[PDB]
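Okay, so here's the structure we're looking at.
In what follows, every heavy atom counts, from backbone to side chain, and hydrogens, waters and symmetry copies are set aside. A, B, ... follow the sequence lines: proteins, then strands. Residue 1 opens every chain.
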Amino acid sequence: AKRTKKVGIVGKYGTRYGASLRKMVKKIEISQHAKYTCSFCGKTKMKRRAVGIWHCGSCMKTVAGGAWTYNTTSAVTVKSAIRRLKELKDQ
Amino acid sequence: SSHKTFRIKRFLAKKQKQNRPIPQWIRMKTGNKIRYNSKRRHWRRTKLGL
Amino acid sequence: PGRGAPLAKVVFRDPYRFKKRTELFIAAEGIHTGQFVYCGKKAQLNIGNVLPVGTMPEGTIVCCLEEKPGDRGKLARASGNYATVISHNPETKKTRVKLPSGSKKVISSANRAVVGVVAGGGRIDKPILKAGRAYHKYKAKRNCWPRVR
Amino acid sequence: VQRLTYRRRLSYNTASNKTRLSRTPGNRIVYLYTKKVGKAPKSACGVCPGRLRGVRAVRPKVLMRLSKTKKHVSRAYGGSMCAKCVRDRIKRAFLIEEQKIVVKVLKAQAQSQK
Amino acid sequence: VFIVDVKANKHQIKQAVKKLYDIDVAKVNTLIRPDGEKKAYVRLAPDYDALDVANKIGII
Amino acid sequence: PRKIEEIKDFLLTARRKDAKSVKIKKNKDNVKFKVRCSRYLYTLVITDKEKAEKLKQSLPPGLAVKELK
RNA sequence: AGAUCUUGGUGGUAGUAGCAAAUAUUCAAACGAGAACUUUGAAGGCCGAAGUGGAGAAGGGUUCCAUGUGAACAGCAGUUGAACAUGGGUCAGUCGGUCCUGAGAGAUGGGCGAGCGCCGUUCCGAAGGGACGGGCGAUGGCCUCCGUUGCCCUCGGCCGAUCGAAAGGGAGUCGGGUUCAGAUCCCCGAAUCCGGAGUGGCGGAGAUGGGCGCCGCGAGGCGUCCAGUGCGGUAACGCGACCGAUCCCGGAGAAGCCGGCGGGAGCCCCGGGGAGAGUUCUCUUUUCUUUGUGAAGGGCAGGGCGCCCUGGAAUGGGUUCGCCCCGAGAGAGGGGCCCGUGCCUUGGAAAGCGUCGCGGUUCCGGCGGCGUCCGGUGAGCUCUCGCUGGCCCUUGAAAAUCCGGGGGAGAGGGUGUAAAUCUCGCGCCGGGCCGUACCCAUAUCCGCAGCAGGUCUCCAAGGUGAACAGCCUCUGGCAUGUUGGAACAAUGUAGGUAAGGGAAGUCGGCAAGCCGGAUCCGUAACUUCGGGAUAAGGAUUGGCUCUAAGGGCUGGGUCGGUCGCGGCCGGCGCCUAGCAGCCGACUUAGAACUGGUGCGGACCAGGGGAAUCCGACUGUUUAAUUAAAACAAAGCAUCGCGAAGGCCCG
RNA sequence: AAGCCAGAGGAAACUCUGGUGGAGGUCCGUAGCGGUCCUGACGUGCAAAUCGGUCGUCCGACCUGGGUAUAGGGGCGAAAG
Ligand SMILES: [Mg+2]
Ligand SMILES: [Mg+2]
Ligand SMILES: [Mg+2]
Ligand SMILES: [Mg+2]
Ligand SMILES: [Mg+2]
Ligand SMILES: [Mg+2]
Ligand SMILES: [Mg+2]
Ligand SMILES: [Mg+2]
Ligand SMILES: [Mg+2]
Ligand SMILES: [Mg+2]
Ligand SMILES: [Mg+2]
Ligand SMILES: [Mg+2]
Ligand SMILES: [Mg+2]
Ligand SMILES: [Mg+2]
Ligand SMILES: [Mg+2]
Ligand SMILES: [Mg+2]
Ligand SMILES: [Mg+2]
Ligand SMILES: [Mg+2]
Ligand SMILES: [Mg+2]
Ligand SMILES: [Mg+2]
Ligand SMILES: [Mg+2]
Ligand SMILES: [Mg+2]
Ligand SMILES: [Mg+2]
Ligand SMILES: [Mg+2]
Ligand SMILES: [Mg+2]
Ligand SMILES: [Mg+2]
Ligand SMILES: [Mg+2]
Ligand SMILES: [Mg+2]
Ligand SMILES: [Mg+2]
Ligand SMILES: [Mg+2]
Ligand SMILES: [Mg+2]
Ligand SMILES: [Mg+2]
Ligand SMILES: [Mg+2]
Ligand SMILES: [Mg+2]
Ligand SMILES: [Mg+2]
Ligand SMILES: [Mg+2]
Ligand SMILES: [Mg+2]
Ligand SMILES: [Mg+2]
Ligand SMILES: [Mg+2]
Ligand SMILES: [Mg+2]
Ligand SMILES: [Mg+2]
Ligand SMILES: [Mg+2]
Ligand SMILES: [Mg+2]
Ligand SMILES: [Zn+2]
Ligand SMILES: [Zn+2]
């Protein structure tokens, strides 16, 4: 059955630290402990090892990513911008 | 302790050797003025320097 | 330990003797193991590559920027941070960059930097939530944390 | 029941003070001080996490008195690299040299026109 | 069993006993006594008897 | 210690230069011949008794034939 | 005569306070002048395996052991003593130090300083003193030819001395016996590591074959030529060696905490067979004790594998307690490897142990007989191994040391009973120095002491029980904590009970008391939705006799159509709603009967509710009068600083 | 607590129920560490700070040995001079 109405993963913190702080850390912890689909082997085994380090158990590929998510939106926009400036730089 | 260095063991050896009573014939000597070994040490009364 | 940015262990070939040289680059976000990174003037614009700022376009952003033309990386090293190449002048061989603090700096066109943003993402978004987590955070840095007013 | 004592002057449960129980011919239980569990080599590729096969897992200084066969495998890079990554390196070397030949031919034929 | 100089090692004790007693010894065990003297347990070769050697030394 | 399997190996082991003695142990179920070499104690286990006697008379000379009974 | 004068001596107090923390002693005998206290025996108890047991580290330093004494000391005594006196006692290649580096300490160069010096530890150094490689030579000499030696060439960044761990890293010793006191050290027996062999110690490997001319009945011999730095497996990988330098690459050393499983051992438990004891008033085929195989080899189980081959999977399947895994190769079949501490074997029974005897060497590793057996259990406890997960803005040493690979500079011989070479087998020699006794604590340490204090660890039985709780017991230990005897006043300290009332006592429910375990129900306001919550409240609980439910192993043939009362194929048949037998733990629920309604019967073991103030919480704090509302904290906000910098030491 | 399984209800979105799982500066509670109250004992004490019961915490900002570094107007201090 459903065990918690709204706290979900931050039910381990009990009543402590304040509702808003628990809500703020809930999505961060969900993304932190989630398993992402590896972009090299295609298996959903790419999980965080330490902060910023993401390791796939299947192909043993280690990727430098965000603190809590596999890639940050900042880095994605940066990669797109660098691609555009590369294709602009050459002709 | 059971573990010890050579210098410590030698120091304890000397302290053992010089902790004995005077010979009995010392009191027979001319002008003795010595009655007993006043430097006798007991392991429980007083502790060594080290 | 003690920093939020991951470090990259990169192996180069020694150009003058038969040996393997291992470097400890700061991991720009997006790089992975088994990837080739190219360092030098003729390197292309890719995440993880190192090339002088004088050879980069007017809107590119960099990861581990040199304060002086010849030392190793000094700027934008902390996790999530980056500096932006703004303007050039081929004469006087200068380049203007925007630092993470928002200040503008003029540096030599020969300063090298890694393309991309340093990994470690938005580490400061997560509330610490515990005195113990702060204790473990600062135990690996230095003795500064329990701060009496 | 019979209770046991350490047989050496190291009285702390450290990693070098590990024991096991042995029944002597005198019908009494004693400690026997064991050796640390050795590890087989890891592959020089550094990619796949398994340890090599055909190599006896012992402490490093024990390898000095072992015969040569016990420490390697009859193959190129045997006892230092795994078989799968050796096959991968063979294929990779051959294919990259083939690619070099292809690009050499491609530039030699492209320069035909001034 | 001999009382030997504290500076003498096992090889020196073995050679000294061999020379000045004309016997052959198997091994030498050495401890330094609590009084500071050094004591050596010198075991003779199997073809030698410690008893008659002790007799001719004069420590019977 | 080492266990000698067949009779021939025990024969040329007993004739080694470093073999100090050979011991014959009569057990209820077998007879054990024990040659004392420099490094090991080589034991040959003979199930029957007639082969044991043949081996007893076929031992090399100049070697101690100490009986353990 | 004074100075709370200095030093020494002496009174009253005063035979006074006192010799009261941790349950406990009694009887007989011995020695002895002398016994509450010593010793032996018997009894009653205690510590109750998180010990009052058995062993260590630090510290002590002879307190250890034996003999003797009864001066002093052991706050009573002592025939005793950790006291005194006299002698004795610590044995190592394989147990440690020694070696390595850690945090760090610290010379040299340099810098500074009036100066002793101190700053700095890679920074402002010409910081490698080594090398199998080649040449030039000295022939030093068994001048064959290999070992010496000097110089030259070539190579050579530990880029920094040195110190720093008796708990980190670190090769290799175990079983039995032995003393008054020592043993993993002595003796006996089994091994093992490292180093060395120049004149090479022995074998084995390299490595000893094909072609052609001939002889020769063939088989086999002669001459000549050409090979030969091993071999097998599809593979994983295997076999006993298996040429190889400078150089390069890699591995091991070398890694946190926690969870859940499984394998192995030790202990515990149950059923038998022995041997010796205990009870026997009655019963008890009964109760208790005991009932081995080290290291190192070989073999085999067992555990694990992210190792290989075949093959190609959806009607997706396999699988765990949980997970998880698969066209990047599942399931299935067949293999490979690692660990092997388990079992068998060499060790090995000759030893050890238990018993029953027989000789004596005043005090025998004496001699002998028999035995040392068969099973079954398990969420059991403890180690250990492994698998798989979780947590981290925490990612949980380094270096000595050892090894593997890449590469192929070179070396080796002309087909010889051959060479260089060998990580294979066996053999020969050596392992120096220091520590080693004992205590390790209500008496061997520190606290002025034989001080209720303090002081780091290892092993860990039975019952009850959730339990390493508390209570009782076995092995082991002890004598009640620096005295006893006789009485049972007051006052006290510690522990109980108290009719009727129930906080009227008191600043104040201080103190005490009530509740308490488990099962079955049942739970409010409020809330940050997680909690509150064991809310509150109620019922049951013993003993005995049963009854149901929860499992594991084997075997299911239709048959001589025949001969390996038995075997190969086959005409020869329908458990397919699954049966037959054997064995096995505990656990749950229900029922009857039953005791003077008593049953978590001892032990263990929350009183509850309604509010107000403060601090969010967990944490910390004035060692020795304040544990708090104080400090910290996460969260929030502000400030400085782009390194010629901010803050700070000097 | 998340994650997972099954059953049921839904047009979907998803929801409900029973299990499994074993998180947490979580709770009760030993050893350990601490030291609330009796303002108990003692107060020429066992003790120049101890003892009894009762207590706080007991997977963590946990307890602890050894080795190290910081030295007096200095050190060090989750802060009490
Ligand atoms: Mg003392
Ligand atoms: Mg503050
Ligand atoms: Mg050690
Ligand atoms: Mg065994
Ligand atoms: Mg010695
Ligand atoms: Mg006067
Ligand atoms: Mg009195
Ligand atoms: Mg009294
Ligand atoms: Mg009793
Ligand atoms: Mg008791
Ligand atoms: Mg003890
Ligand atoms: Mg004594
Ligand atoms: Mg007295
Ligand atoms: Mg004395
Ligand atoms: Mg150098
Ligand atoms: Mg050192
Ligand atoms: Mg002893
Ligand atoms: Mg055995
Ligand atoms: Mg398969
Ligand atoms: Mg026997
Ligand atoms: Mg000892
Ligand atoms: Mg006492
Ligand atoms: Mg005490
Ligand atoms: Mg003192
Ligand atoms: Mg009493
Ligand atoms: Mg008494
Ligand atoms: Mg009353
Ligand atoms: Mg009443
Ligand atoms: Mg009142
Ligand atoms: Mg009143
Ligand atoms: Mg009260
Ligand atoms: Mg309430
Ligand atoms: Mg009943
Ligand atoms: Mg508070
Ligand atoms: Mg608040
Ligand atoms: Mg405190
Ligand atoms: Mg206080
Ligand atoms: Mg207080
Ligand atoms: Mg606020
Ligand atoms: Mg807690
Ligand atoms: Mg608690
Ligand atoms: Mg008081
Ligand atoms: Mg103040
Ligand atoms: Zn992947
Ligand atoms: Zn690999």
Kindly say whether G/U482 and G/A126 qualify as a Watson-Crick or G-U pair under the rule that both distances are below 3.5 angstrom.
no
Would you call G/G425 and G/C202 a Watson-Crick or G-U wobble pair if both distances must be under 3.5 Å?
yes
For G/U6 and G/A332, is it a pair or not, if I count Watson-Crick and G-U wobble only and require both distances under 3.5 Å?
no
Is the terminal nitrogen or CZ of D/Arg8 (NZ for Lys, CZ for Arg) located under 6.0 angstrom from the six-membered ring centre of D/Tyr33 and within 45° of that ring's axis?
yes
Between G/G505 and G/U179, is there a Watson-Crick or G-U wobble pair with both distances below 3.5 Å?
no
Suppose we call a contact any N or O donor and acceptor under 3.5 Å apart; does that hold for the side chain of C/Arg133 and the base of G/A634?
no
Judged by nearest nucleotide, the residue sitting upstream toward the 5' end of RNA chain G, D/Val62 or D/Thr19, is D/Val62
Heavy atoms only, 4.0 Å cut-off, all strands: where does C/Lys130 land among base, sugar-phosphate and nothing?
base
Looking at every strand, decide which applies to B/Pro21 at a 4.0 Å heavy-atom threshold: base, sugar-phosphate, or nothing.
sugar-phosphate
Is there a Watson-Crick or G-U wobble pair formed by G/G542 and G/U320, both distances less than 3.5 Å?
no
SB check F/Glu67 F/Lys25 (cutoff 4.0 Å)
no
I'd like to know if G/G81 pairs with G/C73, where a pair means Watson-Crick or G-U wobble geometry with both distances below 3.5 Å.
yes
Over all strands shown, is C/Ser101 touching base, sugar-phosphate only, or nothing at heavy-atom distances under 4.0 angstrom?
base
Watson-Crick or G-U wobble, both distances under 3.5 Å: is that what G/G213 and G/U341 have going on?
no
Going by the sign of the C1'-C2'-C3'-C4' torsion, is the sugar of G/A245 north or south?
north
Would D/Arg89 and D/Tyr77 count as a cation-pi pair here, with the cationic atom under 6.0 angstrom from the ring centre and within 45° of the axis?
yes
Does the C1'-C2'-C3'-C4' torsion put G/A460 in the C3'-endo-side north group or the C2'-endo-side south group?
south
For G/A167, is there a stacking contact with D/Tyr12, counting only centres under 5.5 Å and planes under 30°?
yes
Under a plain distance cut-off of 3.5 Å, with no hydrogens placed, do D/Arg9 and B/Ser2 share a side-chain donor-acceptor pair?
yes
Under a 3.5 Å limit on both distances, do G/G550 and G/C586 form a Watson-Crick or G-U wobble pair?
yes
Quick one about A/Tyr13 and A/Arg22 (side-chain donor to acceptor, distance below 3.5 Å, no hydrogens or angles considered), yes or no?
no
Can you find a donor-acceptor N/O pair under 3.5 angstrom joining the side chain of C/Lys137 to the base of G/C393?
yes
Roughly, in whole Å, what's the span from CG in D/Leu63 to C1' in G/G251?
10 Å
RNA chain H contacts made by residues 138-149 of chain C, counting heavy atoms under 4.0 Å:
C/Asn143, C/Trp145, C/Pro146, C/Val148
Distance between P atoms of G/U382 and G/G462 (Å, rounded):
12 Å
With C1' as the reference atom in both, quote the distance from G/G570 to G/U558 in angstrom, rounded to an integer.
12 Å
Face-to-face contact E/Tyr41 to G/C91 six-ring, under 5.5 Å, under 30°:
yes
Base, sugar-phosphate, or nothing: which does D/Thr24 touch, judged by heavy atoms less than 4.0 Å apart?
sugar-phosphate
Quick one: label D/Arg7 by what it contacts on the DNA or RNA (base, sugar-phosphate, nothing), any heavy atom closer than 4.0 Å.
base
More 5' along RNA chain G: C/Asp125 or E/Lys10, using each one's nearest nucleotide?
E/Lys10
Would you mind classifying the nucleic acid contact of D/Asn17 as base, sugar-phosphate or nothing, using non-hydrogen atoms under 4.0 angstrom?
nothing
What is the nucleic acid contact for D/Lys71, judged by heavy atoms within less than 4.0 Å: base, sugar-phosphate only, or nothing?
base
Base-atom proximity below 5.0 Å to the side chain of D/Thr69 identifies the groove as the major
Check whether the six-membered base rings of G/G432 and G/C433 have centres under 5.5 Å apart and planes under 30 degrees from each other.
yes
Gap in Å between the two P atoms, one belonging to G/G463 and one to G/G276, rounded
30 Å
Please tabulate, one pair per line, all N/O donor-acceptor pairs under 3.5 Å involving side-chain atoms of residues 47-56 of chain D, not counting sequence neighbours.
from, atom 1, to, atom 2, distance (Å)
D/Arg51, NH1, D/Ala40, O, 2.6
D/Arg53, NH1, D/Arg51, O, 2.9

What parts of residues 3-24 of chain A reach RNA chain H, counting only heavy atoms under 4.0 Å away?
A/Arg3, A/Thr4, A/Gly8, A/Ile9, A/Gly11, A/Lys12, A/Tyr13, A/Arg16, A/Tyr17
Any carboxylate oxygen within less than 4.0 angstrom of a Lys/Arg side-chain nitrogen, looking at E/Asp35 and B/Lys17?
no
Taking G/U401 as the reference, what is the distance to G/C100 when you measure between their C1' atoms (whole Å, please)?
9 Å
Judged by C1'-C2'-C3'-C4' (positive north, negative south), is the sugar of G/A126 north or south?
south
Just checking A/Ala50: base, sugar-phosphate only, or nothing, at a heavy-atom cut-off of under 4.0 Å?
base
Pairing nucleotide - G/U394, Watson-Crick or G-U, each distance under 3.5 Å:
none
Measuring only the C1' atom in each nucleotide, how far is G/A351 from G/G294? A whole number of Å is fine.
12 Å
When both hydrogen-bonding distances must be under 3.5 Å and the geometry is Watson-Crick or G-U wobble, what is H/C46 paired with, if anything?
none
Under a 3.5 Å limit on both distances, the Watson-Crick or wobble mate of H/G65 is none
Just checking: do G/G61 and G/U558 form a pair, Watson-Crick or wobble, with both of the defining distances under 3.5 Å?
no
With a 4.0 Å cut-off on heavy atoms, is D/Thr34 in touch with a base, just the backbone sugar-phosphate, or nothing at all?
nothing
From the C1'-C2'-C3'-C4' angle alone, say whether G/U442 leans north (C3'-endo side) or south (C2'-endo side).
south
Gap in Å between the two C1' atoms, one belonging to G/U101 and one to G/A165, rounded:
10 Å
Re G/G453: Watson-Crick or G-U wobble partner, both distances kept under 3.5 Å, found to be G/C446
Can we say E/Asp5 and E/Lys7 salt-bridge, meaning some charged N sits less than 4.0 Å from an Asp/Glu carboxylate O?
no
Between F/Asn30 and F/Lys32, does any side-chain donor sit less than 3.5 Å from a side-chain acceptor?
no
Select base, sugar-phosphate, or nothing to describe what B/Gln16 touches, counting heavy atoms under 4.0 Å on all strands.
base
Across all strands, who's sitting opposite H/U17 as a Watson-Crick or G-U wobble pair, both distances under 3.5 Å?
H/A6
Can you tell me, in whole Å, how much space there is between the P of G/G380 and that of G/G598?
42 Å
In whole angstrom, give me the gap between the P atoms of G/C393 and G/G532.
28 Å
Scan D/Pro25 against the nucleic acid and name what it touches under 4.0 Å (heavy atoms): base, sugar-phosphate only, or nothing.
base
Does G/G223 pair with G/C572, Watson-Crick or G-U wobble, where both distances are under 3.5 Å?
no
Regarding A/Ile30, tell me which of base, sugar-phosphate or nothing describes its non-hydrogen contacts under 4.0 Å with the strands shown.
nothing
Note down whether G/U184 puckers north or south, where north is a positive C1'-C2'-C3'-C4' and south a negative one.
south
Can a salt bridge be assigned to the pair C/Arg17 and C/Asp14 using a cut-off of 4.0 Å between side-chain N and carboxylate O?
yes
Name the nucleic acid region contacted by D/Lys42, choosing base, sugar-phosphate or nothing; use a 4.0 angstrom heavy-atom cut-off, strictly under.
sugar-phosphate
